[PDB]
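Here is what each chain is made of, one letter per residue.
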Amino acid sequence: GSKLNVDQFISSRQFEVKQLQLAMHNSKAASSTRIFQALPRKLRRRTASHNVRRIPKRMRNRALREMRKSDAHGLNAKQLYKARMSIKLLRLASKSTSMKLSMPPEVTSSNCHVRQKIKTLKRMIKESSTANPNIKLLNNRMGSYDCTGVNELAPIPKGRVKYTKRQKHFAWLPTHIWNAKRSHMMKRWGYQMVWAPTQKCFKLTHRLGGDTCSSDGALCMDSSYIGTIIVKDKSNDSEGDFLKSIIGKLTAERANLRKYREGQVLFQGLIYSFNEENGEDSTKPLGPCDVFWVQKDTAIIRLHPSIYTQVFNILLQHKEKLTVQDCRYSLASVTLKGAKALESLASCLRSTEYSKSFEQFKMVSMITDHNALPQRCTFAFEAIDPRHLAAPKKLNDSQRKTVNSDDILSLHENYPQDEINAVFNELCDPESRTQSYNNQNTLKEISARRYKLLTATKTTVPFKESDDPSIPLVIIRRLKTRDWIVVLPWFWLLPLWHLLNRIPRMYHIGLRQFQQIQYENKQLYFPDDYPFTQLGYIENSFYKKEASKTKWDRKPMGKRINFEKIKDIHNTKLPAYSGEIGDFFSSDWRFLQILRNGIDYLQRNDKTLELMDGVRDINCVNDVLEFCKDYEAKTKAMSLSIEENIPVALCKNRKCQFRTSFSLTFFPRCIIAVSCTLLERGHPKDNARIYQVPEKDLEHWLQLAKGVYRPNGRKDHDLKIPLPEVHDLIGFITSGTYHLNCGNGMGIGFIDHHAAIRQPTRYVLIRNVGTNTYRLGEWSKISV
Amino acid sequence: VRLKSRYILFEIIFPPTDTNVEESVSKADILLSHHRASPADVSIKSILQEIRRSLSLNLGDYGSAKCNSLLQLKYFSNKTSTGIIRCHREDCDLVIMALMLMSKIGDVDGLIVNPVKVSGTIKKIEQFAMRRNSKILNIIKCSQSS
Amino acid sequence: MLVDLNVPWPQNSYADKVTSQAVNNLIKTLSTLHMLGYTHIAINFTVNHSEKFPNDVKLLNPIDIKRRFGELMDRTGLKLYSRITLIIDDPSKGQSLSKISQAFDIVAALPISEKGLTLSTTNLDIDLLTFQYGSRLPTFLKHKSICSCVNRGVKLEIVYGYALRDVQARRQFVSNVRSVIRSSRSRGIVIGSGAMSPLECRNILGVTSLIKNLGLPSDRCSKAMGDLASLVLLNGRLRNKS
Amino acid sequence: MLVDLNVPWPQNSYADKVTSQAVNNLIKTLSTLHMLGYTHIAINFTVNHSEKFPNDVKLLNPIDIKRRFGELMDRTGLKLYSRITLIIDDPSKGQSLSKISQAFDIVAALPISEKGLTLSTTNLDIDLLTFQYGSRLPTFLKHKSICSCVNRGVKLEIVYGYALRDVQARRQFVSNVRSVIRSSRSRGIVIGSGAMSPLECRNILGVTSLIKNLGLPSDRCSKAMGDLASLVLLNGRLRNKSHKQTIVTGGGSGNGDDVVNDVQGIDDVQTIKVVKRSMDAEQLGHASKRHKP
Amino acid sequence: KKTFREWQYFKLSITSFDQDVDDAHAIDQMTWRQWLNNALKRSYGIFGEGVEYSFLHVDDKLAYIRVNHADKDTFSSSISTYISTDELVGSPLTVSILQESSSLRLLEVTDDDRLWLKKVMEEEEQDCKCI
RNA sequence: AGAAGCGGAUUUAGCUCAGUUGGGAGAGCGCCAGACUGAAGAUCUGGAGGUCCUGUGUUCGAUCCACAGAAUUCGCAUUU
RNA sequence: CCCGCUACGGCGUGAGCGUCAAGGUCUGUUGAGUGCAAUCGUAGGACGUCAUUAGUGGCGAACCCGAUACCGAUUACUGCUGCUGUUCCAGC
Ligand SMILES: [Mg+2]
Ligand SMILES: [Mg+2]
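Residues numbered from 1 in each chain as written, not as in the entry; some residues may be left out. Chains lettered and ligands numbered in written order. Part of a larger assembly, values for the part shown. Heavy atoms only, no water.

What the entry reports as its method is cryo-EM, with 3.48 Å given for the resolution.

**Quick look at the nonpolar core**
One broad rule of soluble globular proteins: the nonpolar side chains tend to lie buried together. Ranked by internal contacts, the top residues of the largest apolar core, which has 90 residues, are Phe-10 and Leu-99 of chain B together with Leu-30, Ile-158, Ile-191, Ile-211 and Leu-214 of chain C. Looking at this core, the element that brings in the most residues is helix α4 (residues 92–100) of chain B, giving eight residues. Residues in contact with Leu-30 of chain C, not counting those within four places in the same chain, are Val-7, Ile-41, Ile-43, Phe-69 and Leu-80 of chain C. The next biggest cluster of nonpolar side chains, apart from the first, holds 78 residues, and it includes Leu-30, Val-107 and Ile-158 of chain D together with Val-95 of chain E. (Core = buried A, V, L, I, M, F, W, Y, C linked by side-chain atoms within 4.5 Å. Buried < 20%, exposed > 50% of the residue type's maximum accessible area, 1.4 Å probe, protein only. Helix = DSSP H or I, 4+ residues; strand = E, 2+ residues; numbered from the N terminus. Contact = heavy atoms within 4.5 Å.)

**What to know about the protein's contact with RNA strand F**
Residues in close proximity to RNA strand F total 36 residues, the closest being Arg-34 of chain A, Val-1 and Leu-70 of chain B together with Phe-140 and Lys-142 of chain D. Here the atoms of RNA strand F within 4 Å of the protein split so that 68% fall in sugar or phosphate, with bases taking the remainder. Take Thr-33 of chain A: an N or O atom from its main chain is 3.4 Å from a sugar or linking oxygen of RNA strand F. Between a phosphate oxygen of RNA strand F and a side-chain N or O atom of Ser-145 of chain D, the distance comes to 3.4 Å. Elements with a contribution of two residues or more to the surface near RNA strand F: α2 (57–70) of chain A together with α4 (114–122) and α5 (143–152) of chain D. Broken down by element, the surface near RNA strand F gets its largest block of residues, five residues, from α2 of chain A. For the surface near RNA strand F, the class distribution of residues is six nonpolar, 15 polar and 15 charged. (Near = heavy atom within 4 Å. Polar contact = N/O pair within 3.5 Å; in protein donor to acceptor, adjacent residues only side chain to side chain. Nonpolar A, V, L, I, M, F, W, Y, C, P; charged D, E, K, R; others polar.)

**So, the side chain of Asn-68 of chain B**
When you line up the elements, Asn-68 of chain B lands in the loop between α3 (62–67) and β2 (72–77). If we skip the residues at most four places from it in the chain, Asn-68 of chain B touches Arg-52 of chain B together with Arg-171 and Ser-175 of chain D.

**A short note on the pairing of strand β19 (residues 744–752) of chain A**
Residues and elements named next belong to chain A. Of all nine residues in β19, eight are buried, a share of seventy percent or more. Two strands pair when backbone bridges link them, and strand β15 (residues 671–678) and β19 are joined in this way by seven bridges, in the antiparallel orientation. Residue pairing across strands places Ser-675 opposite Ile-748, the latter belonging to β19. Pairing between strand β18 (residues 736–739) and β19: four bridges, direction antiparallel. Counted as the bridge partner of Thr-737 is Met-746 from β19. Counting the residues that bridge the hairpin from β18 to β19 gives four residues, and of these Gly-743 lies at a positive phi of roughly 85°. (Pairing = 2+ DSSP bridges.)

**Concerning the protein's contact with RNA strand G**
What surrounds RNA strand G is a group of 57 residues, the closest being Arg-44 and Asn-562 of chain A, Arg-220 of chain C, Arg-187 of chain D together with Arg-5 of chain E. In RNA strand G, atoms within 4 Å of the protein come from the sugar-phosphate backbone in 65% of cases. One of the side-chain nitrogen or oxygen atoms of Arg-220 of chain D is found 2.7 Å away from a phosphate oxygen of RNA strand G. At 2.7 Å from a phosphate oxygen of RNA strand G is found a main-chain nitrogen or oxygen belonging to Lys-1 of chain E. Broken down by element, the surface near RNA strand G gets its largest block of residues, four residues, from helix α7 (residues 202–208) of chain A. Taken together, the residues that form the surface near RNA strand G break down as 10 nonpolar, 14 polar and 33 charged.

**A look at the sheet that holds strand β2 (residues 53–59) of chain E**
Residue and element names in this part refer to chain E. Reading across from one edge, β2-β3-β1-β4 is the order of the four strands in this open sheet, with antiparallel pairing throughout. Two strands bound the open sheet, and with one partner strand each, they are β2 and β4 (94–101). Averaged over all adjacent pairs, the angle separating strand axes in this sheet is 25°, with direction ignored. With six bridges joining them, strand β1 (residues 7–15) and β4 adopt antiparallel strand pairing. If you follow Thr-15 over to β4, its bridge partner there is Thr-94. Across the sheet, helix α4 (residues 72–79) touches β1, β3 (62–68) and β4, and the angle it forms with β1 is around 5°. (Axes fitted to C-alpha atoms, helices over the stretch in contact; angles between N-to-C directions.)

**Description of a negative patch on the surface**
A cluster of acidic side chains, namely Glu-353, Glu-382, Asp-418, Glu-419, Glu-426 and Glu-465 of chain A, defines a negative patch on the protein surface. Within the secondary structure, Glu-419 of chain A sits in helix α14 (residues 417–428). (Patch = residues over 30% accessible without salt bridge, like charges linked within 9 Å, V, L, I, M, F, W, Y side chains within 5 Å. Areas by Shrake-Rupley, 256 points an atom, 1.4 Å probe, with all protein chains shown as cover. Salt bridge = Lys/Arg side-chain N within 4 Å of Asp/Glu carboxyl O. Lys, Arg positive; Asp, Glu negative; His and termini not counted. Charge placed at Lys NZ, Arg CZ, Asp CG, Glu CD.)

**Concerning the interface of chain C and chain B**
Contact residues are listed per partner, giving 25 residues for chain C and 31 residues for chain B. By the criterion of area lost to chain B, the three top residues of chain C are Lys-28, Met-35 and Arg-202 of chain C, representing 25% of everything that side buries. Summed over the shared surface of chain C and chain B, the result is zero salt bridges. For the pair chain C and chain B, the number of links is five residue pairs in polar contact. Broken down by secondary-structure element, the contributors of at least two residues to the side of chain C that touches chain B are α1 (20–36), α2 (69–77) and α7 (204–214) of chain C. Looking at the side of chain C that touches chain B, the element that brings in the most residues is α1 of chain C, giving nine residues. (Buried area = accessible area lost by both parts, 1.4 Å probe.)

What follows is the structure, encoded as structure tokens:
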């Protein structure tokens, strides 16, 4: 041991840091790994060891040299013709859909014969050879048609001859096989939509598509399942008198604004199903709705598919003057989300004419921001088929590197209503979308045109006003869900969709990922976060209860959590009752509303409430709880489909003044939607109980909110937590997931408005499933 | 299949036992006064022969039999006096308590051993050691600039 | 953040004057404590019960944190607390607690007697109990005298600095510490470094391994070193201030 | 029931002659193992791979169970098995394995190098694998090889008596045994006492504590002496007396006669077992309906 | 709502062959402690020597040893490890551990020392239950 | 004691390795014996020596063909 | 390629764009993501099974364990559930 100088010390330690870094890099280089493992974990290909074409071209030479260093069937007389029948059917189907003509209905139904299909495809070619008339002759080479049903619902689409009996029970997305190669889909409704990506993308979609600032990417959702109807007034060519009335009948006076007539912005809100038979009006909460208008009179309304069938049935009930237009297989939108989604979307499309909407969209595409733009951003134009490009390329002008809010206000002042609404009129009418397919080419044809440009003359195919299929294209902003949705015809979507993620910073969304996006932005979701409505309550309660009951009876005894014997749940443990509040599974709003009306009957009976000891005399809590258990035991035998139990309050508080016989459950209870954030340690889960702060213990929770902990220096909650009573419950968290954008726990709950006006402070405690701890938090109101 | 063996980082610190010599009171100055230098006869085999003798005289034979199953010094350099000892996850307690009772080397006395980082992987221990030495360079640079 | 509360002051009697070498040795060993990493420092001083207590107010403490250590407190970034261990054997020349508790912060005791343990658990409102881990066990530890005293609030202290003194003393050290662990029911165990030289200081990783192999679990050891140590610090602080 | 299957014989080469003192010492240590308690003893004999082997039939056995241990059995009440641990080091010189195998009951191995360890698990029909716990381990065992060898048969064997020899050997012993337990997946572990004296004998509850302190659990240790020990005896006992576990010359009585338990009632001359007329096809029906037995 | 393990008993029996030694030599009480310290010193170190063990109901080559629970096998591996040599006896001896129990219930003879040890244990168990 | 994932090659006498219309089970070395020498090596002759990795099934018959279950071992710009 | 100087190709900035090349890098990494390969230790409470001398003790495993992710099939073990086959025992 001997003292050294300062400079020699810092030089020796810096040389040691450099030596350790060089040794770590040398160990990482001497670790025997392939160049196949040199790819990122998103791009790793298992079949790249078989064929080299998955590997990047810079790396394929090393892959070839290391792969070199490392190193017509028996068919009977019947199944041969059975195999040749399919090959002949595919060949005749390709020639029939390619040459001139459309599809017969007998081949579409595919429930009679295959020899009749062969004879029909043989007969159509001969009829085209012998004569020009009597032919349903198409307008293009690729087999595209017009699946538009005027005044009736759209039937099962024709699709392809080979993949026809695969569409017998459920229909497909236009990107069905493409999404099927890259995602997990579930079969729930009549379509088959994506559920989750194959590679893990929880935190990935959370960071790139989320509300986080570090969102250097783009996320695309196939939202073709969202069904739209187009309504137009046939009675008068003048101003729309019945349109405002039918909007005020379908929705409330919440979405019938004069502002939405003037500024024509799409609005998403809550629709409720009306029913007027004779002098009586019954209103039930129906679900979400998207309303959009064209300057005064024509309207597109798009929403959830079962709700779409119900709204179409109610609209077909009263169809006296106005003409309805069902669009299930002729128009669909896809949803882009993120910071660079606008840049990739402007990269995917090009211009065919110098217009104002191109200039507005190209300036919007460069700012890389969403919420700084105003509420109305609905752009529409005519563009080229994106099969002309087939390459990831972006187009950006000089623009002198300047972005200010003054140019945004200048685009807000000047809005090209005429051309955008003309594109709207083109997409609503069935004749213009049919005229759009007048020059649709095959991939062989666009490859031949690219070869002609490579021979004559750059990576492009030029536009011709005579023989190129100019499409209508509409890109609009959706406000509360913070995402850009772009709508297009059915057979046009896939040439737009395939070129999207070939931009190297664009990934796809699943339905669980869309639920995560709606969970992150403090928003709401219809199959899960809407329990108040009829269909949401039915689907959520039935499916989650049956799934959880099958899982509970599926697990053996003594390995799962046992819900029957849990000690110390509430203070003063009530007799004939040892379990948790309601059923242990999915949210029992029936239990909550019967207990709320029981506490209301106790408050109407006396100024205070007693604790404990054909309908027996209600004087305390357990008489209400035994009636709850008896009603649950009765409804386990026969399912309930009579009425709802919990509506919302946010439409009732403003106007109806939330006003509420031997009755225990006839008049339902109204709720407001809240989002509570955890201030204490812990995270929430699904189906979580939501309780009041005690008034005797309010100062203790205020001291815990300010601060109290052991003198070590770190936070303490290992203390005697005072247990409140059973009837202090006010709500249910349906969606419980650890909120990564805040660093805490988020729970979407639904609390009573009378209970909300009881406490002067927003401090509300949460309790998980099968866990006997209480965690305080603070809620903010969800105005959705 | 693999083996779950834990690595332990240790550093040799020399306490400045100088009763007649005065002392300067600062952070990076006492880091300079403790992180001085290793002496001349210090190698891998010398530290191993000393720690096996300490394991024998302190912990015994059968405890030394359990400890000496995978008792190896994987990386050590005398210029910085930081070393990494491989061990089992069960006898890591025994290895750290043997590192604590290290009194003196047979050539140089007056030294203490500081076990700093324990992990089941050596690559994160190297990453922690680079960050800890970076913080030492930060303290040295702060006291050197002012 | 860690608390080390057992560093001795190189003086035993008030008649003996502390030399200049002992002050420098204490500065070196406390700087060695800050070198390995500790937040709180509570230096200890030994007072015999047979010694006659002085009738003074500002002269009870020959430690002087303000004039000597007040510079190192500002330069290094730590703090010093004062505490007294009471070597009590027989009930004679004593029973005075209202004056020594106000000047100093933490009041500890060293019983080596059978009746001394009883008079320590009965009529001494002290913070920590210390046993002589260097010398032999006094009589025998039982659950009856320990459990009645730990539940009151007094903690039992283990000195891991006394183990690095001799070779023969290590056996009696282990035989005392394992007896304290089996009698303590693994609750009231505060550990401290009784080093007189800077060559005998260790870090948290070796000391945790030591107390883990001697018989205390890893939860109770670290939970004690944080919570119970910083709790008895505010016990002394509220006996001072309030 | 307890099996001690690695008691060594004081002879290494066929040229050496065992004195009477070593034989009396083995008699005293068998009386020691009978004193506290054991059930089965299989005495071991060391054979190198490159020695000059005799081409004999009745001279490959310097054990003599019949003349001296048959006299020890009547006062003892136990049984002895004989076995060979093949000390195989290099693939240079070999043997006729069909004679050495069919000579004794159990066949074992002792590898020193790489390829021998592979060809022992692959082709060589043995019963147990013993490693040199006294010296350095040949290689460090792969999991999928040892697992496939246990699934094929042969289990690994731990000799807790080799730690009682010297002071330095204990560290190498524990370093080998922990590697064996790590790479064996706790399936094929059979323990045995390699003691040459009655002064190094242990009891069941101390050997169980030794296996506890080495790293293997307690119930799995007693199961290794109940299930795993007596089955690998039966493996070699059926392989070398009978056909390759096909048709046995061992009489199946109620609870007294067995292939393992009844050794003396089987004529160990060639194969046979002389049994009186206990099976009559004339007037014997169901077992619960009989009246004469 | 549980019970902390205080310690555990261990039943030893020194099996001594070579009957001349068993008839001539007579192990006294200090030889037990010296040989157990030598056994915990040969195979273990200082921490293995500081294992808490006391002597109870010592008979002619018969011992009951109480050892704390958390180091139970730490005791009982070493007893089956070390062999006596060069300590006042010409021949080495063997050790048989007969049975282990953690609930005080062993039956050796109808002797009265075991009831006294049970009363001494219950006088501490009552102080553990009350205080 | 340097994993994980990918392709190729491969298991036959004690050893190293052939071999196969699918109909015989082998060569070199080693061991033993003969021959030879004063003795020994070399050369030469003969004998002993088999779980063709294991199992299914095909066939009239399996080292071979099909399947299943084990694995052996190389390479991953390396000599750790 | 646009701006300024200079004018034969030149020079300086834009944290600008397009093409091409490079064994420079890929924690650009996944509600686990290591790469000489982490997936821990302990205490208390709830539940299940088995054995008790006063009431407690032991156990929650076996197989096995990522290295880009997905799904089908096969193999190793425990428990539950339905079917089938065999043996033994009776109600008349
Ligand atoms: Mg694997
Ligand atoms: Mg694998």
